[PDB]
Amino acid sequence: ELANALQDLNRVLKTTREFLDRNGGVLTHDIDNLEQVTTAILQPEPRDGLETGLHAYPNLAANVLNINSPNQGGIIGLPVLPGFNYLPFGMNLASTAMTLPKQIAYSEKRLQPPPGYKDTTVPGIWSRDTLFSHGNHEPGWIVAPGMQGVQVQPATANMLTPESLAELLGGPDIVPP
Amino acid sequence: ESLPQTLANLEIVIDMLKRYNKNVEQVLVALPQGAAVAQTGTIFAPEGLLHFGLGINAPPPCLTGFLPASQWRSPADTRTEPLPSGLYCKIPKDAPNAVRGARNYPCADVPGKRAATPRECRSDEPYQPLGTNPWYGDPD
Amino acid sequence: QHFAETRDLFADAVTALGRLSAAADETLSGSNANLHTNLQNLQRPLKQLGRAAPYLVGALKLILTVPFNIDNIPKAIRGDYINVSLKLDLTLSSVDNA
Amino acid sequence: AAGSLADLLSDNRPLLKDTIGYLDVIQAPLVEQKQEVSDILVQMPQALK
Amino acid sequence: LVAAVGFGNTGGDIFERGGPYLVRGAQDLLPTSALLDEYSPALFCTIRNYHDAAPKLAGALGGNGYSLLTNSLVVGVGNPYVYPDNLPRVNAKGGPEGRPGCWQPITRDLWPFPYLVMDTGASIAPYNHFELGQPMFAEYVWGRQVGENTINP
Amino acid sequence: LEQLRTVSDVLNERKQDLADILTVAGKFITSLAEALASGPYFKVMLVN
């Protein structure tokens with residue numbers, strides 16, 4: 001016990017002394033620089049700036065990823081006409097094909113519709129793909145598992161079945177047929 | 178007096194990143210797809226693709242909660258001015274117009290709430306709109 | 318006799334070492350497993366950032382703003398309004414794709 | 416405290432070795448191009464404004 | 465003994481002030497460390513692709529030296545975001561093909577980026593065909609608009 | 618430690634610039650992301 005304790009204590013004292021004499025001035029300098037920079041970025045205004053960035057950037061990323069049409073490339077923007085503030089009437093003639101069926105990829109494999117169902121503008125909500133199924137006109141939609149918290153309008157709740165309408169708000173995930 | 182402050186600041190940063198974990202994950206998922214989108218949209222070296230959508234006033238712009246019309250600057254003035262704070266679309270959480278605006282961003286710390294900034298997320302004072310956006314002036 | 322002369326100093330040394338070691342022990346026992354888990358988790362990001370280290374400075378020009386590049390912002394954007402060149406495309410290929 | 420430090424070193428030593436190696440790999444380009452990092456940090460706030 | 469007194473006092477003060485901070489920081493770093501470890505495969509490729517695309521996006525802004533060069537073609541716009549269903553979510557996860565990663569560099573051999581669908585509360589996946597705008601005509605006086613708002617174009 | 622020293626030195630000289638980035642990038646991000654929100658595109662005002 002005591003012999004090994006004394007010898008190892010002597011060796012570790014020598015090792016610690018060498019390590020300190022070599023590395024201490026730079027380790028202290030690095031710690032001081034880290035303290036200064038972290039204190040600088042954690043001042044009140046930088047604190048709330050970082051807060052608002054973490055709060056509002058994922059939505060910005062999602063929205064800018066939703067303005068990119070794969071078939072035509074680039075980004076899409078429409079020329080609003082402000083300045084009365086604007087015209088009392090508006091028109092949206094048609095929506096051209098932004099994507100194609102062969103191009104769609106899913107971030108998670110739980111979001112991919114099964115046979116007989118197609119994706120909607122709200123990910124995880126799967127319609128029915130038929131000829132008359134355009135514009136919430138085909139009843140019997142389903143929802144992806146783990147999609148709780150998406151409150152819907154009265155229009156799309158009728159087509160969404162009771163089980164899936166519950167799953168949007170309630171706990172259990174539906175069993176697709 | 179420097180190591181304890183370093184550890185306290187690191188604890189603050191890690192706490193802020195932990196409360197906003199879902200936000201960080203969403204940005205990390207969106208970034209590679211953003212790079213892929215940029216690669217797709219820059220196949221022509223000097224020109225970047227930017228299309229224009231047909232249709233007039235499909236969603237109208239909201240001037241509520243933004244700078245007044247009389248405060249707009251002439252396009253000739255290239256001079257830079259300090260950017261204003263707390264400007265976003267202040268419509269009363271209604272209509273298809275600006276549905277995904279700041280006022281509907283989820284609050285990470287406060288479950289089941291939507292607000293523009295974390296300062297407004299933490300505050301318990303109710304969110305009241307600056308005004309419905311009209312077509313005939315006085316957006317206030 | 319010498320030990321009796323310096324008993325107070327020995328007690329002070331032992332108590333000071335104990336004061337240091339109590340806090341050191343609580344810190345090193347409260348962080349033994351979390352530090353190991355954090356290191357084992359960060360191994361992969363550290364390796365992938367080491368691989369991507371040469372391109373990090375070049376990437377920084379874009380990875381934050383993305384559609385904007387920090388280098389040429391002061392001349393393209395003259396304050397309020399972004400300058401842009403409108404090359405309207407009415408070619409049959411663009412009409413087909415649109 | 417001696418036991419706690421021995422435990423924290425016995426289990427974290429290979430991971431700290433790998434961490435220091437990876438840190439060297441990450442840091443070398445930053446040191447090589449430190450002027451670029453300083454210049455972009457100076458430049459970015461004006462572009463952001 | 466004297467040096468032990470001094471070192472013990474100094475180190476004890478330092479550890480008392482900065483030990484709980486380190487412990488709770490290492491406790492709070494577990495979820496973020498796991499999150500960063502999960503999305504390692506999309507780290508090198510993202511940085512490499514942004515480095516490659518930085519000169520390409522800089523040339524657009526700097527080629528003229530006074531403007532930005534854009535190719536503009538008229539196109540149709542999708543239906544506006546509906547009120548309750550299109551509200552924002554922060555539940556995005558995963559990556560291409562179900563796992564984190566990047567697409568292979570987009571050349572002109574493989575031009576269209578595969579659109580990636582993730583939990584966001586909004587998507588443009590169902591725009592596979594030509595259809596009339598569901599709120600085709602709208603009025604901003606009495607809020608009366610023809611057609612039915614939908615999430616299923 | 619020495620290369621971390623030089624990196625941390627150039628970072629500490631730019632600590633105020635990091636603070637400026639965080640401050641100013643948090644006071645317009647909500648405003649600039651507003652344009653994207655109305656529909657699947659972004660509004661633009663063409664003065665010409």
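So the protein lines, in turn, are chains W, H, E, Z, F and U. When you line the first sequence up against the numbering used here, it's residues 1 to 177, in that order. When you line the second sequence up against the numbering used here, it's residues 178 to 317, in that order. When you line the third sequence up against the numbering used here, it's residues 318 to 415, in that order. When you line the fourth sequence up against the numbering used here, it's residues 416 to 464, in that order. When you line the fifth sequence up against the numbering used here, it's residues 465 to 617, in that order. When you line the sixth sequence up against the numbering used here, it's residues 618 to 665, in that order. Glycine is no exception: its CB is placed at the ideal position from the N, C-alpha and C atoms.
Compare the C-beta of W/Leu93 against all C-beta atoms of chain U and say whether one is closer than 9 Å.
On the first sequence, position 93 is the one that residue 93 of chain W refers to. For W/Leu93, the answer is no, since every Cβ of chain U falls outside 9 Å of its Cβ.
Hey, could you find the ends of the beta strand (DSSP E) W/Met91 is sitting in?
Locating residue 91 of chain W in the first sequence gives position 91, where the first residue counts as 1. Its beta strand (DSSP E) spans residues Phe89 to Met91.
One question on the structure: do W/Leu54 and H/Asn200 come within less than 9 Å of each other, judged by their Cβ atoms?
Walking along the first sequence from the start, residue 54 of chain W turns up at place 54. Walking along the second sequence from the start, residue 200 of chain H turns up at place 23. Cβ distance < 9 Å, so W/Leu54 and H/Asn200 count as in contact.
At which residue ranges does the segment 60-95 of chain W contain complete beta strand (DSSP E) runs of 3 or more residues, listed in the order of the chain?
75-79 and 89-91
6 Å CB neighbourhood of F/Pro505 in its chain, flanking five on each side removed:
Translated into positions along the fifth sequence, residue 505 of chain F becomes position 41. The answer, listed in chain order, is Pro564 and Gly565.
Inspect the CB distances between the segment 203-222 of chain H and the segment 512-521 of chain F and report whether three or more fall short of 8 Å.
yes
Against chain F: residues of the segment 33-46 of chain W by CB proximity under 7 Å:
none
Ordered list of alpha helix (DSSP H) runs contained in the segment 507-592 of chain F, each at least 4 residues
508-526
Using three-state DSSP, classify E/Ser402 as helix, strand or coil.
Along the third sequence, read from residue 1 onward, the residue named residue 402 of chain E stands at position 85. Reduced to three states, the DSSP call for E/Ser402 is strand.
May I have a chain-ordered list of the beta strand (DSSP E) segments no shorter than 3 residues that lie completely inside the segment 119-154 of chain W?
125-128
Through-space distance from U/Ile638 to W/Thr52, alpha-carbon basis:
Locating residue 52 of chain W in the first sequence gives position 52, counting from the first residue. Locating residue 638 of chain U in the sixth sequence gives position 21, counting from the first residue. For W/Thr52 and U/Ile638, the distance between alpha carbons rounds to 13 Å.
How about H/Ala279 and W/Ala166: are their beta carbons less than 9 Å apart?
Residue mapping note: residue 279 of chain H aligns to position 102 of the second sequence, counting from 1. Residue mapping note: residue 166 of chain W aligns to position 166 of the first sequence, counting from 1. In this structure, W/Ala166 does not lie closer than 9 Å to H/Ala279 by Cβ.
Strictly under 9 Å for the Cβ-Cβ distance: is E/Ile380 near chain Z by that measure?
Position 63 of the third sequence, counting from 1, holds the residue named residue 380 of chain E. No - not a single Cβ of chain Z is within 9 Å of the one on E/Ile380.
Compare the C-beta of W/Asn71 with all C-beta atoms of chain E and state if any pair is closer than 9 Å.
The sequence position of residue 71 of chain W within the first sequence is 71, counting from 1. Interface residue, yes.
Can you name the residues of chain W whose CB is closer than 8 Å to the CB of F/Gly482?
One-based indexing of the fifth sequence puts residue 482 of chain F at position 18. By Cβ distance, chain W contributes nothing, its closest Cβ being about 11 Å from F/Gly482, past 8 Å.
Would F/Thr614 pass as a contact of W/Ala155 if the rule is Cβ separation under 9 Å?
Locating residue 614 of chain F in the fifth sequence gives position 150, counting from the first residue. Locating residue 155 of chain W in the first sequence gives position 155, counting from the first residue. Yes, these two residues count as a Cβ contact at 9 Å.
Proximity test, Cβ basis, 9 Å: H/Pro252 and chain W
Sequence index remark: in the second sequence, residue 252 of chain H carries index 75 (1-based). Output row for H/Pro252: interface = no.
Rank F/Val581, F/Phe577 and F/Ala468 by C-alpha distance to the C-alpha of W/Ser107 and give the top, closest one.
As a first step, residue 107 of chain W must be located in the first sequence, where it is residue number 107. Among F/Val581, F/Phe577 and F/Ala468, the Cα nearest to that of W/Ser107 belongs to F/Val581.
Grab the span of the beta strand (DSSP E) containing H/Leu226 for me, first residue to last.
For the purposes of this step, residue 226 of chain H is taken as residue 49 along the second sequence, with counting starting at 1. Element bounds for H/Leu226: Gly225 to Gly230.
Determine, using beta carbons only, whether H/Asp192 comes closer than 9 Å to chain F.
Within the second sequence, numbered from 1, the residue matching residue 192 of chain H stands at position 15. For H/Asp192, the answer is yes, since a Cβ of chain F falls inside 9 Å of its Cβ.
With respect to the beta strand (DSSP E) encompassing W/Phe19, which residues constitute its N-terminal and C-terminal limits?
By 1-based counting over the first sequence, the position of residue 19 of chain W is 19. It is not in any beta strand (DSSP E) - W/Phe19 instead sits in the alpha helix (DSSP H) that spans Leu2 to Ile41.
Nearest neighbour of E/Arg336, chosen from F/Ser531, F/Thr474 and F/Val466 [CA to CA]:
Start at 1 with the first residue of the third sequence, and residue 336 of chain E comes out as number 19. The candidate whose alpha carbon is nearest that of E/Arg336 is F/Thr474.
Taking only beta-carbon atoms, is E/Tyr372 less than 9 Å away from chain U?
Counting from 1 along the third sequence, the entry for residue 372 of chain E is found at position 55. No, no contact with chain U.
Going by CA-CA distance only, name the one from W/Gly146, W/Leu160 and W/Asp119 that's closest to W/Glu138.
Along the first sequence, one-based indexing puts residue 138 of chain W at 138. Of the listed residues, the one whose Cα sits closest to W/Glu138 is W/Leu160.
Report the three-state DSSP secondary structure of H/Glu258 (helix, strand or coil).
In the second sequence, counting from the first residue as 1, residue 258 of chain H sits at position 81. Coil at H/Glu258, not helix or strand.
Counting only beta-carbon atoms, is E/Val383 nearer than 9 Å to chain W?
As a first step, residue 383 of chain E must be located in the third sequence, where it is residue number 66. Chain W, which has a Cβ nearer than 9 Å to the Cβ of E/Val383, makes this yes.
Under 8 Å: do the segment 241-257 of chain H and the segment 537-546 of chain F share three or more Cβ pairs, one atom per stretch?
no
Please identify the residue among E/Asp342, E/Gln357, E/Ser411 and E/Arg368 whose C-alpha is closest to the C-alpha of Z/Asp422.
Within the fourth sequence, residue 422 of chain Z is the residue found at index 7, counting from 1. Checked all of E/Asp342, E/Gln357, E/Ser411 and E/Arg368; the closest Cα to Z/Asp422 is E/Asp342.
Can you give the beta carbon distance from F/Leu486 to H/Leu184, rounded, assuming they're within the 8 Å contact cut?
Start at 1 with the first residue of the fifth sequence, and residue 486 of chain F comes out as number 22. Start at 1 with the first residue of the second sequence, and residue 184 of chain H comes out as number 7. Going by Cβ atoms, the distance from F/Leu486 to H/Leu184 rounds to 5 Å, so yes, they are a contact pair.
Give a yes or no on whether the minimum CB-CB distance between H/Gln203 and chain W is below 9 Å.
For the purposes of this step, residue 203 of chain H is identified with residue 26 of the second sequence, where counting begins at 1. Yes, H/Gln203 counts as interfacial toward chain W.
Might you give, ordered along the chain, the residues of its own chain that have their beta carbon closer than 6 Å to the beta carbon of H/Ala285, omitting 5 neighbours on each side?
The residue you call residue 285 of chain H lines up with position 108 of the second sequence. Within the same chain, H/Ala285 has close Cβ partners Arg196 and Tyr197.
Apart from the five residues on each side of it in sequence, which residues of its chain come closer than 7 Å, Cβ to Cβ, to H/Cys298?
Position 121 of the second sequence holds residue 298 of chain H. Taken in chain order, the residues that qualify are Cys284, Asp286, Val287, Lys290 and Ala292.
What residues in the segment 618-629 of chain U bring their beta carbon closer than 8 Å to a beta carbon of chain H?
none
Per DSSP, what are the beta-bridge partners of E/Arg368 in this structure?
As a position in the third sequence, residue 368 of chain E is number 51, starting the count at 1. None, per the DSSP bridge assignment.
Could you check which residue in W/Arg22, W/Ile41 and W/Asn33 has the C-alpha nearest to that of U/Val641?
Working through the sixth sequence from its first residue, we reach residue 641 of chain U at position 24. Answer by Cα proximity: W/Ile41.
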